[PDB]
Amino acid sequence: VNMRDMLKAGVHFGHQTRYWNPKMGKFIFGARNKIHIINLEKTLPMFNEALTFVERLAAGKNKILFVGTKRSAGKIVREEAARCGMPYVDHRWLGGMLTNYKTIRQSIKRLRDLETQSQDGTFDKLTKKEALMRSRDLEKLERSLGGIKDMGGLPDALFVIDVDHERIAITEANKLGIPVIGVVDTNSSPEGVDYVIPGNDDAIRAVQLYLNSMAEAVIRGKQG
RNA sequence: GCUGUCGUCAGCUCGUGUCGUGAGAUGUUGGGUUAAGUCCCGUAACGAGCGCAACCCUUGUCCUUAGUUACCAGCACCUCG
Ligand SMILES: [Mg+2]
Ligand SMILES: [Mg+2]
Ligand SMILES: [Mg+2]
Ligand SMILES: [Mg+2]
Ligand SMILES: [Mg+2]
Ligand SMILES: [Mg+2]
Ligand SMILES: [Mg+2]
Ligand SMILES: [Mg+2]
Ligand SMILES: [Mg+2]
Ligand SMILES: [Mg+2]
């Protein structure tokens, strides 16, 4: 989008040069000041390809699950994935939400029953110890499976903000065989993702920019 | 069928998922804490069962119900029980 803007935010920044992956040497503009710099002139065409792919796919009542768990990075995803549907996760990705979805459905149902009991008019009208225990279990279940309450089926697409941090999710998606959108970094691994985006991590501006791009992308692609 | 013992020690397993060509392994490992696989947070695991704890009996405080063959604060009789 208009070049300079992400050239201001954080995008042309790589994870040093001691810790790097040669598999994406073709995406590197050239290391300067002991830091690898991503080739900004090449990312944007593929970024727009991902934009149009997700916009076209969203038309048809399609849900794309977002993953953004990280140090102070899940909080922005919490509301960026909010609205326009788009189920998400915001905490530690518990392995098995895709291959073992049958087990996860029981946890979803239990959480729904617990929250319905909690909000029915405060059914927990008994000793404060029992009510507090139920409340903390309920909030733990929320922190784990808040964004999965909807989407009883399996998602047909998936978006990642740091492909190295959640390699479990990419492995699960490959095993199930669903497309993956990924923001990759110079120390990450390009394979597994079907629409790779060579950006930057650890930059709040960068993650927010990608999230807004895709949020209004799915907004304008879901007009029908 | 019934019983001892390890031992009233905190352990013993399963479903789905995942890793390994396999026997198998993860869950059940880590840092704390507890009498306890008790609990917290982390964590390719997510859940469940038999165990631990709880529900049972007795004792230790108090309230109500009730005063016979039980008791005697107060009144009286008293042959002073
Ligand atoms: Mg195998
Ligand atoms: Mg071994
Ligand atoms: Mg073993
Ligand atoms: Mg072993
Ligand atoms: Mg086994
Ligand atoms: Mg097993
Ligand atoms: Mg064991
Ligand atoms: Mg084992
Ligand atoms: Mg237990
Ligand atoms: Mg017991």
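Reminder, nothing fancy here: chain letters follow the sequence lines and each chain counts from 1.
Stacking annotation: B:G15 and B:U16 stacked (six-membered ring centroids under 5.5 angstrom, interplanar angle under 30°).
Across every strand in view, B:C52 sits unpaired, with no contact that passes the Watson-Crick or G-U test at under 3.5 angstrom.
Within the structure, no pair that satisfies the ring-ring contact (aromatic ring centres under 6.0 Å, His included) test touches residues 95-126 of chain A, not counting sequence neighbours. Here ring-ring contact (aromatic ring centres under 6.0 Å, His included) pairs that include residues 3-40 of chain A, with residues two or more places apart or in two chains, are A:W20-A:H36.
With sequence neighbours excluded, no residue satisfies side chain to side chain donor-acceptor pair (under 3.5 Å) with A:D120. Under the side chain to side chain contact (heavy atoms under 4.5 Å, CB included) criterion, A:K8 pairs with A:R4, A:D5, not counting sequence neighbours. The ring pair (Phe, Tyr, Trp, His ring centres under 6.0 Å) test applied to A:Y88 returns no partner, not counting sequence neighbours. With sequence neighbours excluded, no residue forms a side chain to side chain donor-acceptor pair (under 3.5 Å) with A:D90. A:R110 pairs by the salt bridge (charged side-chain N to carboxylate O under 4.0 Å, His left out) definition with A:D137, not counting sequence neighbours. With sequence neighbours excluded, no residue forms a side chain to side chain donor-acceptor pair (under 3.5 Å) with A:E166.
Across the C1' atoms, B:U26 and B:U43 are found 12 Å apart, a figure rounded to whole Å. For the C1' atoms, the distance from B:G37 to B:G27 is 12 Å, rounded to whole Å. Only the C1' atoms considered, B:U28 is 32 Å distant from B:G4, to the nearest whole Å. Taking atom P in both B:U33 and B:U18, one finds a spacing of 37 Å when rounded to whole Å. To the nearest whole angstrom, the two P atoms, one in B:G47 and one in B:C41, are 13 Å apart. B:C71 and B:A76: their P atoms are spaced 23 Å apart (whole Å). Rounded to a whole angstrom, the distance from the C1' atom of B:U38 to that of B:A54 is 13 Å. For the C1' atoms, the distance linking B:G11 with B:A53 amounts to 15 Å, nearest Å.
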(request) Indicate for each nucleotide in nucleotides 42-50 of chain B, in 5' to 3' sequence, whether protein heavy atoms under 4.0 Å reach the base (B), only the sugar-phosphate (S), or nothing (-). (result) -BBBB----

With a 3.5 Å cut-off and sequence neighbours excluded, list the donor-acceptor pairs that the side chains of residues 142-163 of chain A form with protein atoms.
unit_1	atom_1	unit_2	atom_2	d
A:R143	NE	A:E139	OE1	3.4
A:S144	OG	A:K140	O	3.4
A:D162	OD2	A:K70	NZ	2.8

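Looking only at side-chain heavy atoms (C-beta outward), A:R83 and A:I219 come within less than 4.5 Å of each other.
Atom CG of A:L132 is separated from atom P of B:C40 by 12 Å (rounded to the nearest Å). Nucleotide B:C40 holds its P atom 11 Å from the CD atom of A:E139, rounded to whole Å.
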Enumerate the protein-to-nucleotides 37-39 of chain B contacts in which both atoms are nitrogen or oxygen and the separation is below 3.5 Å.
none

Write down the protein N/O and nucleotide N/O pairs, taken from nucleotides 31-36 of chain B, whose separation is under 3.5 Å; answer none if there are no such pairs.
none

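B:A23 and B:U58 are not base-paired: they meet neither the Watson-Crick nor the G-U wobble geometry with both distances under 3.5 Å.
Residue-environment remark: CG (A:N33) stays at or below the threshold of 12 foreign heavy atoms within 6.0 Å.
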